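The listed protein sequences derive, respectively, from chains L and n. Number 9 in the authors' numbering belongs to position 2 of the first sequence; there are no gaps in the numbering. Number 13 in the authors' numbering belongs to position 10 of the second sequence; there are no gaps in the numbering. Inspection log for the structure reproduced underneath, given as structure tokens.
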Amino acid sequence: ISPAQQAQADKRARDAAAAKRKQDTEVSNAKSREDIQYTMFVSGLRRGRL
Amino acid sequence: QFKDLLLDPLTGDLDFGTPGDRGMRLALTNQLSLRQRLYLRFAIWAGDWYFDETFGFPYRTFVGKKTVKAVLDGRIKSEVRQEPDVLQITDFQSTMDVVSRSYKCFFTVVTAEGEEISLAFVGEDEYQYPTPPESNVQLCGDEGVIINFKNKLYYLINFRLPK
Numbered sequence: 008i009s010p011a012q013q014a015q016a017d018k019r020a021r022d023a024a025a026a027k028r029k030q031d032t033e034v035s036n037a038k039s040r041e042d043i044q045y046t047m048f049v050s051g052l053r054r055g056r057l
Numbered sequence: 004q005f006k007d008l009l010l011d012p013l014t015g016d017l018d019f020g021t022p023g024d025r026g027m028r029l030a031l032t033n034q035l036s037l038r039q040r041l042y043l044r045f046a047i048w049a050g051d052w053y054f055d056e057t058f059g060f061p062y063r064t065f066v067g068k069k070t071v072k073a074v075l076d077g078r079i080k081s082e083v084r085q086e087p088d089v090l091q092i093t094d095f096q097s098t099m100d101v102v103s104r105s106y107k108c109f110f111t112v113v114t115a116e117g118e119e120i121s122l123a124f125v126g127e128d129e130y131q132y133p134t135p136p137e138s139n140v141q142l143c144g145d146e147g148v149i150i151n152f153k154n155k156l157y158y159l160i161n162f163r164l165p166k
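Here it is as structure tokens:
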């Protein structure tokens, strides 16, 4: 081994850890606000569901 | 048979009655009770009554929006059947005018009539307790026993002679 790899393993750990902070954070705030209400329109639309 | 204060069908205020018998009245006949139970249920807009957010009708969904007549009729016809004593709905003439943008429907509802279970809480009693005798009648007899016999004799004397 050499210090050049220690400066490389850190990059592998840092970037990978950054992924959770993105995905894991978004779900946290999405659950911290109950005002938003999602809806889905499966068929229905043109028969007066407009 | 749901009892409640009577609401005047003509004005909407409490039915205090005619000027000769002014007072307060309770809805007794099932017809009158159901009438006002439907009237209040349809007159209160959904969510506008405090202490109960789920009561009322959601007029805001339809009024002011381009809506399909068929969808509205279903909701109108569904709210009626929430009462447990509704037998059926006979006819339904839903019509819509596009010029004035008004909508007006007609229909009738059929409901039976029940019994009163108990009169203890309402007014009168159904029994016929006896009346105490008067004077020395009890210990010595009654004169009516003579009067009825005399009348029977007189009517029998009347019968035999042809008339």
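Cβ atoms here follow ideal geometry from the backbone N, Cα and C, with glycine treated the same way.
Can you check whether the CB of residue j is closer than 8 angstroms to the CB of residue i?
i, j, result
"residue 118 (chain n)", "residue 32 (chain n)", "no"
"residue 41 (chain n)", "residue 8 (chain n)", "no"
"residue 34 (chain n)", "residue 114 (chain n)", "yes"
"residue 48 (chain n)", "residue 62 (chain n)", "yes"
"residue 80 (chain n)", "residue 95 (chain n)", "yes"
"residue 10 (chain n)", "residue 39 (chain n)", "yes"
"residue 109 (chain n)", "residue 82 (chain n)", "no"
"residue 3 (chain n)", "residue 36 (chain n)", "Beyond the ends of chain n as shown, which are 4 and 166, falls residue 3 (chain n); an answer cannot be given."
"residue 51 (chain L)", "residue 71 (chain n)", "no"
Please tell me whether residue i has its Cβ less than 8 angstroms away from any Cβ of chain L.
i, result
"residue 112 (chain n)", "no"
Start and end of the alpha helix (DSSP H) containing residue i?
i, result
"residue 155 (chain n)", "147-163"
"residue 49 (chain L)", "Here residue 49 (chain L) belongs to no alpha helix (DSSP H), and DSSP marks it neither H nor E."
"residue 81 (chain n)", "72-83"
"residue 141 (chain n)", "140-143"
List, in chain order, every chain n residue whose beta-carbon is nearer than 8 angstroms to that of residue i.
i, result
"residue 55 (chain L)", "70, 71, 73, 74"
Specify, as a first and last residue, the run of the beta strand (DSSP E) that residue i falls within.
i, result
"residue 45 (chain n)", "Unbroken run through residue 45 (chain n) is the alpha helix (DSSP H), 33-46; no beta strand (DSSP E)."
"residue 91 (chain n)", "91-99"
"residue 32 (chain L)", "Residue 32 (chain L) -> not in any beta strand (DSSP E); alpha helix (DSSP H) instead, spanning 10-38."
"residue 112 (chain n)", "106-113"
Is it true that the stretch 71-87 of chain n meets the stretch 97-108 of chain n, where meeting means three or more beta-carbon pairs spaced less than 8 angstroms apart? Touching, yes.
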